[PDB]
Amino acid sequence: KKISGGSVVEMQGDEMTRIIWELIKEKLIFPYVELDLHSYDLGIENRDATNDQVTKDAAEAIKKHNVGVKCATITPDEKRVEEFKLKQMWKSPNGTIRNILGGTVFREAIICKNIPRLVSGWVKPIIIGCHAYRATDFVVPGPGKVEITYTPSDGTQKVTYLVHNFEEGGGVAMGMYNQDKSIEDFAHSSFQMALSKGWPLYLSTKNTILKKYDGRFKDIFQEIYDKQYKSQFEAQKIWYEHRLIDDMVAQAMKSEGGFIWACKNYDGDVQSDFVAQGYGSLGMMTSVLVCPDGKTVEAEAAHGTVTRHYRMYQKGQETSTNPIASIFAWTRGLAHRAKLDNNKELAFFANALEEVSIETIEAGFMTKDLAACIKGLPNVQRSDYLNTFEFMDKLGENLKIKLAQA
Amino acid sequence: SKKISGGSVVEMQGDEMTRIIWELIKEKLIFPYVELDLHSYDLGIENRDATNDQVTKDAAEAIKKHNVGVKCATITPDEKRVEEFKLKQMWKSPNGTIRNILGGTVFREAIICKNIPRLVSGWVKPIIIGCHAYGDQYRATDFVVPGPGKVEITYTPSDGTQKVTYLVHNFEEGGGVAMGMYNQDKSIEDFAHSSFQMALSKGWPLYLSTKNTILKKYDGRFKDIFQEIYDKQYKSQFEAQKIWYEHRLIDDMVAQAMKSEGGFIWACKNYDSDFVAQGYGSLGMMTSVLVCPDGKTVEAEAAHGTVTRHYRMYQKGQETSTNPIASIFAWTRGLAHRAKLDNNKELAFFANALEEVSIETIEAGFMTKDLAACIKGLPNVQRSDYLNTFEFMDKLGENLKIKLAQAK
Ligand SMILES: NC(=O)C1=CN([C@@H]2O[C@H](COP(=O)(O)OP(=O)(O)OC[C@H]3O[C@@H](n4cnc5c(N)ncnc54)[C@H](OP(=O)(O)O)[C@@H]3O)[C@@H](O)[C@H]2O)C=CC1
Ligand SMILES: NC(=O)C1=CN([C@@H]2O[C@H](COP(=O)(O)OP(=O)(O)OC[C@H]3O[C@@H](n4cnc5c(N)ncnc54)[C@H](OP(=O)(O)O)[C@@H]3O)[C@@H](O)[C@H]2O)C=CC1
Ligand SMILES: Cc1cn(C(=O)c2c(-c3c(Cl)cc(Cl)cc3Cl)noc2C(C)(C)F)c2cccc(/C=C/C(=O)O)c12
Ligand SMILES: Cc1cn(C(=O)c2c(-c3c(Cl)cc(Cl)cc3Cl)noc2C(C)(C)F)c2cccc(/C=C/C(=O)O)c12
């Protein structure tokens, strides 16, 4: 018979990822695992029909049942409103979920022997927890004074800081904020991730410029480390250090990998997603939202719905979309369920499906993006890769063989 | 004569290792072939602390007048430097001083050698990045929120007839941090002009990257000012050179850039960042040019610093192998621009020829230890794999004399 998997919250998504999602469930999960599935459909049409209520219901479900696996969803813009005749420009499902849950998004690239990484010297994995949104910006119509003030709730002295005197013309201005509690949750999630994985932890800031804003992140991380985690770290022969972002980038590129990287960047900096997308590895980038309690987890692929591949599908073209990131959303959620429920058999399945994914690619069977990452797109021939369905069939066949042994 | 007359050039001498290289470049590669109306300003620490950092302001004013400046790397004072030299004051960075007197935008550009691998292997043409270094994080007002309370940001016009209060956040429990940021329309306009000038000068498409999906008003202001300035002052000239300008969301632009062959100008709104070249290869190949919005005035300098690590070894007497390329290209780029302002065809040829000889010298196997490490990996560099600082200047000079012979 199949494995008892327990309580898992699933969120169905949109376009090309929605197709891969069902393929993953039908071919890789349901043949081997029964789940008490709390399933919510976050397709753009069902969100429109429930006035986004389904999205909020799903977040509440994740918080109740501790484990969510999410499929990529369409975040509406002006064009999606026209495309789907939406009632209004619904806010992002990911923003809504993360707002309800809190926690820290951790990004990790999946490593295969035969896929070169962004930096050749990296050997062990690297996990990036970046705190990035909720700011208020406006236009400065003309000359004038922009000030940012603080008014204590307890009636003590109101304080006023000068942002800028606009002596000539106008421009733009904005205010931004962060709560100590959010920094603290950021801190705790990161230390617990380091001890979980057994890697050292680095925090990168620009506290030479934002001495007070970024300095708060450094101070809070350091207090929490010293009082609540240093001993456990040293027990596992790991460590925590703050690093200027200027130095961290240099340190990372000369490193052998094997660390957690808590990162605090501004709202418009380059994100590891964009680079992975440029390098052609975004189909291998996993994501997991880890709440500060260590109990609740929402796993997802780091990429979006892969609209461009979906349009190819709608035009009768052959597609070769990478399903690994979405598969690891399932394996990380299920592996966490196994940890919570002490399910040895479900833990075995989660690891076994991860190994089959990696072994398959390392044996030479891969989607087009992985072949281009090896050889460069210009030299990629059809015989170098498998299409979306050929590759899912291949994973399925190897998973059945894997599990047929024990 | 047998020397080219180059015209008026403002020169700014610098500190430590780059200062040494600065004289080598002038006597080995510049002075033998080019006669300049040189306006020299010593920007070393000794003379900056000596004149209350007034030479820095005077050098900038000379640049505003003569339109061309070449600057050696300088030390930006800090707590350790103030101790080393017992400064009168922790002086502001000369680059910021100059960049604030002149305005305009800094553009960085790596120099390409067929045998020096680049950050992205698909890149075949150059890429020129210009980021807005005014306001934003560099000029931000951040503070600590001690406890519950309301943080607001207000605008009051100069006529005082109005006051607009925006709610940043209400701290319901606990404290935190907040900050305010600004940017003047003037600076954005100067940023647009300087970037349209650069794209026309190099004959490549321009992309402005912003985060205007999040900062709809803040970053949308960049997008709007660029587009209307482009439309009203440059679209005809861009189409003349079969180039174009497009705004991009930073999310997409990063991936587009990595998937392109290169050959574009990248106007960026993020400085507070191109120091992955430190960890990847060498900053010795990274040049920068401050380009004013008037399109007439520039300041060329190496994007790297004074390389104090090599100066420590130099003062002792043990050999060094410091890369002079980014410093050479500070001269060639300033001279190319002088040549453009004066219709000086011979000086222009000289500028391009010195750049070709530098690149060809490296591609032919003669290079400094930093580039030898880029190829073989630093642990594998034997002393025979590279030329020391003075050997390499000798090699470029030999090849430079040969290059200039065969054309005039
Ligand atoms: N977490 C979420 O739910 C997220 C949802 N989205 C949404 O996704 C939609 C599409 O946005 P987009 O900007 O395309 O973001 P995507 O990450 O979906 O962009 C897809 C592009 O990146 C590459 N790529 C990404 N994933 C894969 C994969 N699995 N296999 C192969 N290549 C891949 C492809 O490059 P190439 O075209 O060269 O083949 C493709 O064109 C939008 O509506 C957006 O809102 C976006 C981000 C996160
Ligand atoms: N625009 C300017 O004038 C700038 C000035 N500075 C100033 O420079 C000083 C030193 O700063 P620092 O952080 O060391 O920056 P540097 O760029 O001078 O040094 C970084 C390191 O990179 C390597 N490197 C950089 N350029 C070269 C080169 N041309 N040839 C060979 N190796 C090179 C050296 O390390 P390795 O030994 O590993 O090869 C060097 O120590 C400070 O006073 C700082 O303020 C800094 C930045 C810009
Ligand atoms: C580890 C990693 C960091 N990335 C960054 O974006 C960087 C970098 C950086 C580095 Cl370290 C090297 C290079 Cl070549 C370029 C950059 Cl931009 N500097 O800071 C960051 C952020 C802003 C995220 F903190 C990634 C982006 C995409 C995939 C990855 C993949 C990881 C892997 O294959 O295991 C990584
Ligand atoms: C072109 C270029 C961009 N750099 C950045 O820093 C990035 C990147 C980025 C890219 Cl496109 C690829 C990777 Cl792998 C990592 C990153 Cl961070 N994304 O945006 C930025 C900016 C500065 C706009 F914010 C460079 C840094 C150093 C040398 C270079 C170029 C070297 C060469 O041509 O030989 C470039």
# chains A, B, ... in the order shown; residues from 1 in each chain; ligands from 1

$ residues_near_ligand --ligand "ligand 1" --cutoff "8 Å" --atoms "only C-alpha atoms and all ligand atoms" --output "PyMOL selection string"
(chain A and resi 13+17+70-76+80+92-94+277+280-284+300-309+320-326+367-369) or (chain B and resi 251-252)

$ interface_residues --of "chain B" --to "chain A" --cutoff "6 Å" --atoms "only C-alpha atoms" --output "ChimeraX atom specification"
/B:141-143,148-158,168,175-185,211,217-218,251,254-255,258-259,279

$ residues_near_ligand --ligand "ligand 4" --cutoff "9 Å" --atoms "only C-alpha atoms and all ligand atoms" --output "VMD selection string"
(chain A and resid 118 to 119 269 to 272 274 to 276 278 to 279) or (chain B and resid 108 to 112 116 to 121 123 to 131 209 250 253 to 259 262 266 to 271 273 to 278 280 to 281 283 285 to 286)

$ select_by_dssp --residues "range 212-319 of chain B" --states "strand (DSSP E)" --output "list in words"
residues 245, 246, 247, 248, 249, 264, 265, 266, 267, 268, 286, 287, 288, 289, 290, 291, 298, 299, 300, 301 and 302 of chain B

$ write_last_selection --atoms "N, CA and C atoms" --output "PDB file, in the first residue's frame"
ATOM      1  N   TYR B 245      16.397  53.518 -27.338  1.00  0.00           N
ATOM      2  CA  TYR B 245      16.365  53.596 -25.885  1.00  0.00           C
ATOM      3  C   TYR B 245      15.105  52.917 -25.373  1.00  0.00           C
ATOM      4  N   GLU B 246      15.254  52.076 -24.352  1.00  0.00           N
ATOM      5  CA  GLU B 246      14.112  51.419 -23.734  1.00  0.00           C
ATOM      6  C   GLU B 246      14.317  51.322 -22.232  1.00  0.00           C
ATOM      7  N   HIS B 247      13.248  51.583 -21.488  1.00  0.00           N
ATOM      8  CA  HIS B 247      13.232  51.330 -20.057  1.00  0.00           C
ATOM      9  C   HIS B 247      13.016  49.844 -19.797  1.00  0.00           C
ATOM     10  N   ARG B 248      13.578  49.359 -18.694  1.00  0.00           N
ATOM     11  CA  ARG B 248      13.422  47.969 -18.297  1.00  0.00           C
ATOM     12  C   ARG B 248      13.205  47.885 -16.794  1.00  0.00           C
ATOM     13  N   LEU B 249      12.370  46.944 -16.376  1.00  0.00           N
ATOM     14  CA  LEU B 249      12.314  46.606 -14.964  1.00  0.00           C
ATOM     15  C   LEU B 249      13.612  45.896 -14.605  1.00  0.00           C
ATOM     16  N   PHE B 264      25.785  47.556 -25.234  1.00  0.00           N
ATOM     17  CA  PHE B 264      24.696  48.447 -24.858  1.00  0.00           C
ATOM     18  C   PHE B 264      25.138  49.297 -23.679  1.00  0.00           C
ATOM     19  N   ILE B 265      24.473  50.430 -23.516  1.00  0.00           N
ATOM     20  CA  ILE B 265      24.658  51.292 -22.358  1.00  0.00           C
ATOM     21  C   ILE B 265      23.555  50.951 -21.374  1.00  0.00           C
ATOM     22  N   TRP B 266      23.914  50.870 -20.097  1.00  0.00           N
ATOM     23  CA  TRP B 266      23.012  50.427 -19.041  1.00  0.00           C
ATOM     24  C   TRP B 266      22.947  51.538 -18.005  1.00  0.00           C
ATOM     25  N   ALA B 267      21.906  52.362 -18.085  1.00  0.00           N
ATOM     26  CA  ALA B 267      21.657  53.376 -17.068  1.00  0.00           C
ATOM     27  C   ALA B 267      20.930  52.715 -15.904  1.00  0.00           C
ATOM     28  N   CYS B 268      21.509  52.799 -14.716  1.00  0.00           N
ATOM     29  CA  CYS B 268      21.058  52.033 -13.567  1.00  0.00           C
ATOM     30  C   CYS B 268      20.755  52.977 -12.413  1.00  0.00           C
ATOM     31  N   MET B 286      39.077  47.796 -15.126  1.00  0.00           N
ATOM     32  CA  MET B 286      37.801  48.486 -15.014  1.00  0.00           C
ATOM     33  C   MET B 286      38.037  49.991 -15.046  1.00  0.00           C
ATOM     34  N   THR B 287      37.539  50.648 -16.086  1.00  0.00           N
ATOM     35  CA  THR B 287      37.672  52.088 -16.233  1.00  0.00           C
ATOM     36  C   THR B 287      36.365  52.790 -15.908  1.00  0.00           C
ATOM     37  N   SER B 288      36.467  54.098 -15.680  1.00  0.00           N
ATOM     38  CA  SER B 288      35.289  54.917 -15.447  1.00  0.00           C
ATOM     39  C   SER B 288      35.512  56.308 -16.021  1.00  0.00           C
ATOM     40  N   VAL B 289      34.417  56.921 -16.462  1.00  0.00           N
ATOM     41  CA  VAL B 289      34.434  58.276 -16.996  1.00  0.00           C
ATOM     42  C   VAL B 289      33.227  59.007 -16.426  1.00  0.00           C
ATOM     43  N   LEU B 290      33.464  60.132 -15.759  1.00  0.00           N
ATOM     44  CA  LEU B 290      32.381  61.024 -15.363  1.00  0.00           C
ATOM     45  C   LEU B 290      31.975  61.859 -16.571  1.00  0.00           C
ATOM     46  N   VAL B 291      30.712  61.768 -16.972  1.00  0.00           N
ATOM     47  CA  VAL B 291      30.217  62.431 -18.173  1.00  0.00           C
ATOM     48  C   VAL B 291      29.191  63.470 -17.758  1.00  0.00           C
ATOM     49  N   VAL B 298      34.212  65.927 -19.454  1.00  0.00           N
ATOM     50  CA  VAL B 298      34.381  64.586 -18.908  1.00  0.00           C
ATOM     51  C   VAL B 298      35.558  64.558 -17.942  1.00  0.00           C
ATOM     52  N   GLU B 299      35.547  63.551 -17.070  1.00  0.00           N
ATOM     53  CA  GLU B 299      36.667  63.224 -16.196  1.00  0.00           C
ATOM     54  C   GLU B 299      36.897  61.720 -16.249  1.00  0.00           C
ATOM     55  N   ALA B 300      38.070  61.309 -16.714  1.00  0.00           N
ATOM     56  CA  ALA B 300      38.405  59.897 -16.821  1.00  0.00           C
ATOM     57  C   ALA B 300      39.341  59.486 -15.693  1.00  0.00           C
ATOM     58  N   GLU B 301      39.062  58.322 -15.106  1.00  0.00           N
ATOM     59  CA  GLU B 301      39.894  57.775 -14.045  1.00  0.00           C
ATOM     60  C   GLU B 301      39.753  56.260 -14.019  1.00  0.00           C
ATOM     61  N   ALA B 302      40.722  55.610 -13.384  1.00  0.00           N
ATOM     62  CA  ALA B 302      40.586  54.190 -13.101  1.00  0.00           C
ATOM     63  C   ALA B 302      39.485  53.976 -12.067  1.00  0.00           C
TER      64      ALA B 302
END

$ select_by_dssp --residues "range 114-333 of chain B" --states "alpha helix (DSSP H)" --output "compact mmCIF listing (two decimals) with N, CA, C and O atoms, in the first residue's frame"
# COMPACT_ATOMS: atom_id res chain seq x y z
N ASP B 185 14.59 66.56 -9.34
CA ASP B 185 14.35 66.46 -10.78
C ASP B 185 15.60 66.82 -11.57
O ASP B 185 15.94 66.14 -12.54
N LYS B 186 16.30 67.88 -11.16
CA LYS B 186 17.52 68.26 -11.85
C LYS B 186 18.46 67.07 -12.01
O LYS B 186 18.93 66.79 -13.11
N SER B 187 18.75 66.37 -10.91
CA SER B 187 19.69 65.25 -10.97
C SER B 187 19.21 64.16 -11.92
O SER B 187 20.01 63.54 -12.62
N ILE B 188 17.90 63.88 -11.93
CA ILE B 188 17.38 62.88 -12.85
C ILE B 188 17.55 63.35 -14.29
O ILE B 188 17.94 62.58 -15.17
N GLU B 189 17.26 64.63 -14.55
CA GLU B 189 17.44 65.17 -15.89
C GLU B 189 18.90 65.09 -16.32
O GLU B 189 19.21 64.61 -17.42
N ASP B 190 19.81 65.56 -15.46
CA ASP B 190 21.23 65.44 -15.76
C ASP B 190 21.62 63.99 -15.98
O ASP B 190 22.51 63.70 -16.80
N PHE B 191 20.97 63.07 -15.27
CA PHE B 191 21.23 61.65 -15.45
C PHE B 191 20.76 61.18 -16.82
O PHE B 191 21.45 60.41 -17.49
N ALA B 192 19.59 61.65 -17.26
CA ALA B 192 19.09 61.28 -18.58
C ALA B 192 19.99 61.83 -19.69
O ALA B 192 20.41 61.09 -20.59
N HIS B 193 20.29 63.13 -19.64
CA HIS B 193 21.14 63.72 -20.67
C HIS B 193 22.47 63.00 -20.75
O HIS B 193 22.89 62.57 -21.83
N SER B 194 23.14 62.83 -19.61
CA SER B 194 24.44 62.18 -19.60
C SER B 194 24.38 60.78 -20.20
O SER B 194 25.35 60.33 -20.82
N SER B 195 23.26 60.08 -20.03
CA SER B 195 23.15 58.73 -20.56
C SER B 195 22.80 58.72 -22.04
O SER B 195 23.27 57.84 -22.77
N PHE B 196 22.00 59.69 -22.50
CA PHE B 196 21.76 59.81 -23.94
C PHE B 196 23.02 60.28 -24.66
O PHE B 196 23.30 59.84 -25.78
N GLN B 197 23.79 61.19 -24.05
CA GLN B 197 25.08 61.57 -24.63
C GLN B 197 25.96 60.34 -24.80
O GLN B 197 26.51 60.09 -25.88
N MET B 198 26.10 59.55 -23.73
CA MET B 198 26.99 58.40 -23.77
C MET B 198 26.59 57.43 -24.87
O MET B 198 27.44 56.94 -25.63
N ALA B 199 25.29 57.13 -24.98
CA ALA B 199 24.83 56.19 -26.00
C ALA B 199 25.13 56.70 -27.40
O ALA B 199 25.51 55.92 -28.29
N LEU B 200 24.95 58.00 -27.64
CA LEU B 200 25.28 58.56 -28.94
C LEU B 200 26.78 58.51 -29.21
O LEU B 200 27.21 58.22 -30.32
N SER B 201 27.58 58.79 -28.18
CA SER B 201 29.03 58.79 -28.33
C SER B 201 29.55 57.42 -28.73
O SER B 201 30.41 57.31 -29.61
N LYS B 202 29.05 56.36 -28.09
CA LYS B 202 29.47 54.99 -28.38
C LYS B 202 28.65 54.34 -29.49
O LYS B 202 29.06 53.29 -30.01
N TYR B 218 8.38 57.11 -7.09
CA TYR B 218 9.81 57.43 -6.99
C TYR B 218 10.55 57.03 -8.26
O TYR B 218 11.27 57.84 -8.86
N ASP B 219 10.41 55.77 -8.68
CA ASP B 219 11.15 55.29 -9.84
C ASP B 219 10.43 55.62 -11.14
O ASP B 219 11.09 55.76 -12.18
N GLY B 220 9.11 55.74 -11.10
CA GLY B 220 8.38 56.20 -12.27
C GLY B 220 8.79 57.58 -12.71
O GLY B 220 8.63 57.93 -13.88
N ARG B 221 9.34 58.38 -11.79
CA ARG B 221 9.81 59.72 -12.15
C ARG B 221 11.04 59.64 -13.03
O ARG B 221 11.19 60.42 -13.97
N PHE B 222 11.96 58.71 -12.73
CA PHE B 222 13.08 58.46 -13.63
C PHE B 222 12.57 58.06 -15.00
O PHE B 222 12.97 58.63 -16.02
N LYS B 223 11.65 57.09 -15.05
CA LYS B 223 11.17 56.57 -16.32
C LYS B 223 10.50 57.67 -17.15
O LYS B 223 10.66 57.72 -18.37
N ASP B 224 9.76 58.56 -16.49
CA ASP B 224 9.05 59.60 -17.22
C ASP B 224 10.01 60.67 -17.72
O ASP B 224 9.89 61.12 -18.87
N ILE B 225 10.96 61.10 -16.89
CA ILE B 225 11.88 62.16 -17.31
C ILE B 225 12.78 61.67 -18.44
O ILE B 225 13.04 62.41 -19.40
N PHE B 226 13.27 60.44 -18.35
CA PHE B 226 14.06 59.88 -19.44
C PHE B 226 13.26 59.89 -20.74
O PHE B 226 13.73 60.38 -21.77
N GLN B 227 12.05 59.33 -20.70
CA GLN B 227 11.28 59.16 -21.93
C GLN B 227 10.98 60.51 -22.59
O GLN B 227 11.10 60.64 -23.82
N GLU B 228 10.60 61.51 -21.81
CA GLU B 228 10.23 62.80 -22.40
C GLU B 228 11.46 63.56 -22.87
O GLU B 228 11.39 64.28 -23.88
N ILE B 229 12.58 63.44 -22.16
CA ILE B 229 13.83 64.02 -22.64
C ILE B 229 14.29 63.29 -23.90
O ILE B 229 14.69 63.92 -24.89
N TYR B 230 14.24 61.96 -23.88
CA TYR B 230 14.56 61.18 -25.07
C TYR B 230 13.71 61.62 -26.25
O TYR B 230 14.22 61.92 -27.33
N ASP B 231 12.39 61.68 -26.05
CA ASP B 231 11.49 62.05 -27.14
C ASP B 231 11.78 63.46 -27.63
O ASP B 231 11.88 63.70 -28.84
N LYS B 232 11.94 64.41 -26.71
CA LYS B 232 12.01 65.81 -27.11
C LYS B 232 13.41 66.25 -27.52
O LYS B 232 13.55 67.36 -28.05
N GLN B 233 14.45 65.43 -27.31
CA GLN B 233 15.81 65.89 -27.57
C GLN B 233 16.75 64.87 -28.18
O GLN B 233 17.87 65.26 -28.55
N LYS B 235 15.51 61.31 -29.79
CA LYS B 235 15.01 60.18 -30.56
C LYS B 235 15.43 60.28 -32.02
O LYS B 235 15.71 59.26 -32.66
N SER B 236 15.49 61.49 -32.58
CA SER B 236 15.90 61.62 -33.97
C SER B 236 17.36 61.21 -34.14
O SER B 236 17.71 60.55 -35.12
N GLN B 237 18.21 61.59 -33.19
CA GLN B 237 19.63 61.27 -33.32
C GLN B 237 19.89 59.79 -33.05
O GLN B 237 20.80 59.21 -33.65
N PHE B 238 19.11 59.17 -32.16
CA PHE B 238 19.24 57.74 -31.92
C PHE B 238 18.87 56.95 -33.17
O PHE B 238 19.58 56.01 -33.56
N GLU B 239 17.75 57.30 -33.80
CA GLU B 239 17.37 56.63 -35.04
C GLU B 239 18.38 56.91 -36.14
O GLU B 239 18.61 56.06 -37.01
N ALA B 240 19.02 58.08 -36.11
CA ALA B 240 20.07 58.38 -37.08
C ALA B 240 21.17 57.32 -37.03
O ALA B 240 21.66 56.88 -38.08
N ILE B 250 14.21 46.28 -13.48
CA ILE B 250 15.51 45.72 -13.09
C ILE B 250 15.46 44.20 -13.11
O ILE B 250 16.45 43.55 -13.47
N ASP B 251 14.32 43.62 -12.74
CA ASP B 251 14.16 42.17 -12.75
C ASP B 251 14.50 41.60 -14.12
O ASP B 251 15.23 40.61 -14.24
N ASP B 252 13.96 42.21 -15.17
CA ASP B 252 14.15 41.70 -16.53
C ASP B 252 15.51 42.10 -17.08
O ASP B 252 16.16 41.29 -17.75
N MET B 253 15.94 43.33 -16.81
CA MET B 253 17.17 43.84 -17.41
C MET B 253 18.37 42.99 -17.04
O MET B 253 19.23 42.71 -17.89
N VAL B 254 18.46 42.55 -15.78
CA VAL B 254 19.56 41.70 -15.36
C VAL B 254 19.62 40.44 -16.22
O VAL B 254 20.69 40.02 -16.66
N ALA B 255 18.46 39.83 -16.48
CA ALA B 255 18.44 38.59 -17.24
C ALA B 255 18.68 38.86 -18.72
O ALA B 255 19.36 38.07 -19.40
N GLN B 256 18.12 39.95 -19.25
CA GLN B 256 18.39 40.33 -20.63
C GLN B 256 19.87 40.59 -20.85
O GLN B 256 20.46 40.14 -21.83
N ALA B 257 20.49 41.34 -19.92
CA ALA B 257 21.90 41.65 -20.06
C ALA B 257 22.73 40.38 -20.11
O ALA B 257 23.64 40.26 -20.93
N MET B 258 22.42 39.41 -19.24
CA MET B 258 23.19 38.18 -19.18
C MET B 258 22.96 37.30 -20.40
O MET B 258 23.82 36.46 -20.71
N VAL B 276 31.76 42.95 -8.05
CA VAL B 276 32.01 41.53 -8.27
C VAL B 276 33.27 41.34 -9.10
O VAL B 276 33.86 40.25 -9.07
N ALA B 277 33.71 42.37 -9.83
CA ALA B 277 34.97 42.29 -10.56
C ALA B 277 36.14 42.08 -9.62
O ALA B 277 37.16 41.49 -10.01
N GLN B 278 36.03 42.57 -8.38
CA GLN B 278 37.04 42.26 -7.37
C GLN B 278 37.15 40.76 -7.15
O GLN B 278 38.24 40.17 -7.28
N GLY B 279 36.03 40.11 -6.84
CA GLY B 279 36.06 38.68 -6.58
C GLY B 279 36.26 37.84 -7.82
O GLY B 279 36.83 36.74 -7.75
N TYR B 280 35.79 38.33 -8.97
CA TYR B 280 35.85 37.53 -10.20
C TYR B 280 37.23 37.61 -10.85
O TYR B 280 37.93 36.60 -10.97
N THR B 308 46.92 50.17 -2.17
CA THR B 308 47.90 50.42 -1.12
C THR B 308 48.68 49.15 -0.78
O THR B 308 49.82 49.23 -0.32
N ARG B 309 48.09 47.98 -1.02
CA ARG B 309 48.80 46.73 -0.73
C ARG B 309 50.10 46.66 -1.52
O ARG B 309 51.13 46.24 -0.98
N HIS B 310 50.07 47.08 -2.79
CA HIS B 310 51.27 47.04 -3.61
C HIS B 310 52.23 48.16 -3.24
O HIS B 310 53.45 48.01 -3.41
N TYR B 311 51.71 49.28 -2.73
CA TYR B 311 52.60 50.37 -2.32
C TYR B 311 53.39 49.99 -1.07
O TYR B 311 54.53 50.45 -0.91
N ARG B 312 52.82 49.18 -0.19
CA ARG B 312 53.58 48.69 0.96
C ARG B 312 54.78 47.87 0.51
O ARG B 312 55.89 48.04 1.02
N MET B 313 54.57 46.99 -0.48
CA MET B 313 55.68 46.19 -1.01
C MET B 313 56.68 47.06 -1.76
O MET B 313 57.88 46.77 -1.76
N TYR B 314 56.20 48.13 -2.40
CA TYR B 314 57.09 48.99 -3.18
C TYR B 314 58.04 49.76 -2.28
O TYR B 314 59.26 49.80 -2.53
N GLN B 315 57.52 50.40 -1.23
CA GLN B 315 58.38 51.19 -0.35
C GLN B 315 59.49 50.34 0.26
O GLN B 315 60.60 50.83 0.46
N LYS B 316 59.20 49.07 0.55
CA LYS B 316 60.23 48.17 1.06
C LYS B 316 61.33 47.96 0.03
O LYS B 316 62.52 48.14 0.32
N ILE B 325 46.45 49.23 -16.77
CA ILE B 325 45.53 49.37 -17.89
C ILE B 325 44.45 50.40 -17.58
O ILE B 325 44.17 51.30 -18.39
N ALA B 326 43.80 50.27 -16.43
CA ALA B 326 42.70 51.18 -16.12
C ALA B 326 43.19 52.61 -16.00
O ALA B 326 42.43 53.54 -16.28
N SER B 327 44.46 52.80 -15.61
CA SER B 327 45.04 54.14 -15.54
C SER B 327 45.39 54.67 -16.92
O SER B 327 45.16 55.85 -17.22
N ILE B 328 45.97 53.82 -17.77
CA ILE B 328 46.22 54.17 -19.16
C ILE B 328 44.92 54.59 -19.85
O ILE B 328 44.85 55.61 -20.53
N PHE B 329 43.87 53.79 -19.68
CA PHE B 329 42.61 54.13 -20.34
C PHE B 329 41.98 55.39 -19.77
O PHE B 329 41.10 55.97 -20.41
N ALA B 330 42.41 55.84 -18.59
CA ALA B 330 41.98 57.15 -18.13
C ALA B 330 42.58 58.24 -18.99
O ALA B 330 41.93 59.26 -19.29
N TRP B 331 43.83 58.06 -19.41
CA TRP B 331 44.45 59.01 -20.32
C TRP B 331 43.86 58.89 -21.72
O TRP B 331 43.48 59.90 -22.33
N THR B 332 43.74 57.67 -22.24
CA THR B 332 43.29 57.52 -23.62
C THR B 332 41.87 58.02 -23.79
O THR B 332 41.54 58.62 -24.82
N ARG B 333 41.02 57.82 -22.78
CA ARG B 333 39.64 58.27 -22.89
C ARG B 333 39.54 59.78 -22.79
O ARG B 333 38.74 60.39 -23.51

$ closest_residue --among "B:137, B:210, B:1, B:399" --to "residue 34 in chain B" --atoms "only C-alpha atoms"
B:1

$ residues_around --residues "range 47-54 of chain B" --least-positions-apart "3" --cutoff "9 Å" --atoms "only C-alpha atoms" --output "number ranges by chain"
B: 42-44, 57-59, 85, 87-89, 91-92, 94

$ write_last_selection --atoms "C-alpha atoms" --output "compact mmCIF listing (two decimals), in the first residue's frame"
# COMPACT_ATOMS: atom_id res chain seq x y z
CA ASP B 42 48.29 67.39 -6.94
CA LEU B 43 45.45 65.54 -5.22
CA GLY B 44 47.65 63.42 -2.98
CA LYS B 57 37.89 72.12 -5.58
CA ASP B 58 40.34 74.04 -7.79
CA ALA B 59 41.06 70.98 -9.93
CA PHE B 85 48.81 60.91 8.22
CA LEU B 87 45.15 64.67 9.10
CA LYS B 88 43.64 68.00 10.09
CA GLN B 89 40.22 66.51 9.25
CA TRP B 91 38.33 64.97 4.37
CA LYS B 92 35.45 64.15 2.05
CA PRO B 94 37.75 63.92 -3.80

$ atom_distance --atom1 "CA of residue 203 in chain B" --atom2 "atom 16 (C, counted along the ligand's line) of ligand 3"
28.3 Å

$ atom_distance --atom1 "atom 33 (O, counted along the ligand's line) of ligand 3" --atom2 "CA of residue 258 in chain A"
10.9 Å

$ atom_distance --atom1 "CA of residue 34 in chain A" --atom2 "CA of residue 334 in chain A"
11.5 Å

$ residues_around --residues "range 379-394 of chain A" --least-positions-apart "3" --cutoff "10 Å" --atoms "only C-alpha atoms" --output "PyMOL selection string"
chain A and resi 19-20+23-24+27-28+318-324+356-357+360-361+364-376+397-399
